[PDB]
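One chain is shown next in structure tokens, namely the form deposited in one PDB entry.
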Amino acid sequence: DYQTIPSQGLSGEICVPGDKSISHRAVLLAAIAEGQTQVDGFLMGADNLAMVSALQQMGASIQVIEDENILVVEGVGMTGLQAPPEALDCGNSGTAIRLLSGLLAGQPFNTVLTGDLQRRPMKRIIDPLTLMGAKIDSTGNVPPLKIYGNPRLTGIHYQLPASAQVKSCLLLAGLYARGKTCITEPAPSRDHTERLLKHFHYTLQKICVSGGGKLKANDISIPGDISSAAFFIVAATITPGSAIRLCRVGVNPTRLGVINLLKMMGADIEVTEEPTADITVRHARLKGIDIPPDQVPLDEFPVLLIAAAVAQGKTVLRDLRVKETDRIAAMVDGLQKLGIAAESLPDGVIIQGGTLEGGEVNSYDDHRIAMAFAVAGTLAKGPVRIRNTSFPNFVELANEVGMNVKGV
């Protein structure tokens, strides 16, 4: 159990842990490039290391210097991946299972993808991979997935009615498809895959990628995870006398949703192949807003709801994926317990700003939810108790900047 006590003000400079999505893509692309790549700021979490283990099972040369957050990867070339002796265990990483599916569909061997993920189905990536020539067995529970490598995939044009997960997977398959693979979508979506492809010298057309190119090694620094940054950003925003600076945080437009929304509420957020920046945040009073639906697709959203809880006025969004709709429900419950008049809507949510109270909330064993209520704990009139890996690191960092969190 995690307890909090009202913060007397956040201050100082901190680095947040490396970006998870970029870490995933950096090691996977580096593994098959030509030459040596050094990865700095690699998120040494369980998920990211599950990806490293899978790649090592397929002949990838990767040194893990866990204490320094570095990887020294010796690429094996686009055609250098080899049949793994056993199932690839993706543990809890729904990203690993999706990217590997895209990477492996077109190899000349069979693979089994295993993991802890069954709530999240993946017909959205299997359908298009199958059109490219993939033979994937996804019957019963998924995971596990059986992939019957098809070393003769063919490029396809595929229409996506705003999903970066599918686009990432298909760009990966496209490296191993004959011809061009083109993905068109209604509006831009996270483009970390496109960026790292360009970082490793592969050419793109903006998006189409062609099978037949060659990834070349190129050192990379993983920017801080703006999704992690967001919690400190909101903490600093709502807590009197706070002024903090988050160093080297990635500020890719496709990930700035929360920052954009906080700015509209009146937050004081100074933002000084992947754009990275320093972010300085100072306490500020917020107003409620109408949240535009196109800003949600740009994981951290739960903590924005905290910012809404302490603003003056009503905050509302009308017109989403199920995963987030579930997280919203968890926030509405928790806020209710802390004296906040919140209410779920079939199309979104409606929060009336007021005054956080001390109390108890249920985190639903979700680190993002627990983190969000830790942030609320900074301003809550009394201790907030939470019944919730990365959160212990979150705890150490929080305490260092004046956000009080005791796992006792």
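Residues carry their position along the shown sequence, with the first being 1.
There is also a form deposited in another entry; it is not shown, and the following applies to it.
J.: Considering the rigid-body rotation between this form and the one not shown, state which of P223, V73, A380, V361 is located at the hinge.
T.: Where the C-alphas swap which rigid part they fit better, we find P223.
J.: With a change of at least 3 Å, which way does the C-alpha separation between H367 and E68 go in the other form: closer or farther?
T.: Closer is correct, given that in the other form the C-alpha spacing of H367 to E68 is reduced by at least 3 Å.
J.: Quick one: with a 3 Å or larger change, is the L170 to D326 CA distance smaller or larger in the other form? Answer closer or farther.
T.: Here the pair is closer than in the other form; there, farther apart.
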